[PDB]
Structures are given as structure tokens and as C-alpha cells.
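Have a look at the structure below, then the notes.
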Amino acid sequence: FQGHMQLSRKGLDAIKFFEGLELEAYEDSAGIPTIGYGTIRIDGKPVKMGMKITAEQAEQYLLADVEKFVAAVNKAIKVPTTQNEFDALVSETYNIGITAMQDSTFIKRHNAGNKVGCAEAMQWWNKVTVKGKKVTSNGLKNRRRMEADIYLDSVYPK
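Position 158 of the sequence shown, counted from 1, bears residue number 528 in our numbering, the numbering being contiguous throughout.
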């Protein structure tokens, strides 16, 4: 089985919620110019300081950004998958990246029908590298618990 699922409206709303929104470019904590819903590239080109966009543009850029992540989750899933399970897996993959999702325990458990196990293993992805050392991010712990709620219970953030 290969996926042809799409991110739902509720799934896009959840990724928006996790990213936050700025209409003026800002330099993130790592020094990368960022705009909209966590966008760092627009139509293949970097975000630039001083740029201002509309909320409509921000949604357009986020839709373009998430497309390859939707594709990758479709290709990684080997079993029938509910819309909320798909939304959660795309949200998490959008944060951890394609390679991390592909080789993850959570995707193995999803493909074995072990939903509870998948929700547990999803939440292992809470570390960030700081000064060459892996540090637990409280922000990521929060995002992981909200993505597990989408995956298991179809309960989306507000």
C-alpha cells in the first residue's frame, strides 16, 4: 500500500498553531531569517530581512513547504491510516525531517498496527543539539504531546 492522502484543514491549522505567525521577517535563535508560519525559503529562494508578507502569502508558503513532507509520509505508511493519524505524522515529520521519520520507531509501530506504541515513540523526538550536546526542549515536549493527541484521539490544538 502507498498513500495518496492530503493534510486536512484541521491538520494545516495544527501546523500553523505549532509554528506561530509573523508577517515581518525575523532572525530565529539559530540566526536564520524566518517569516510567516516558520518559512525560511520562498519559491526556492531564502527569506530576507526587511520582508513583509500578508497572512494569505504566509498560508501559500506553508502549503508549498509541507508538500514534500505529505509526499514522504504517504510513501512511508504501509497500512490504512485515519485522517488524524496522517495529520499527526505529517506535523511531526515537518519538524523532525524526512530521514528521521523514515528510520523512526514510531513509523515502524504505526505500520505494525501498534497505535499506542506509535504515540509513545512519537514523543521520543524532544531533543535539540545545543553547543554539541543533546538538550531536552520543553517546547518540543509540548508539541509532541499535542501531536500524540491528534494521532490517538483526533483532538487538535486550540
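The C-beta atom is built at its ideal place from N, Cα and C for all residues, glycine as well.
- Judged by pairs of C-beta atoms under 8 angstroms, the segment 499-519 does not touch the segment 472-480, as fewer than three such pairs exist.
- Within the DSSP bridge table, the entry for residue 396 names 404 as partners.
- Three or more beta-carbon pairs separated by less than 8 angstroms link the segment 446-464 to the segment 375-392, which places the two stretches in contact.
- When DSSP states are grouped into helix, strand and coil, residue 412 belongs to the strand group.
- A Cβ-Cβ separation of about 3 angstroms places residue 428 in contact with residue 406 under the 8 angstroms criterion.
- Judged by their CB atoms, residue 513 and residue 465 are nearer to each other than the 9 angstroms cut-off.
- Residue 468 is positioned such that its CB atom lies closer than 9 angstroms to that of residue 442.
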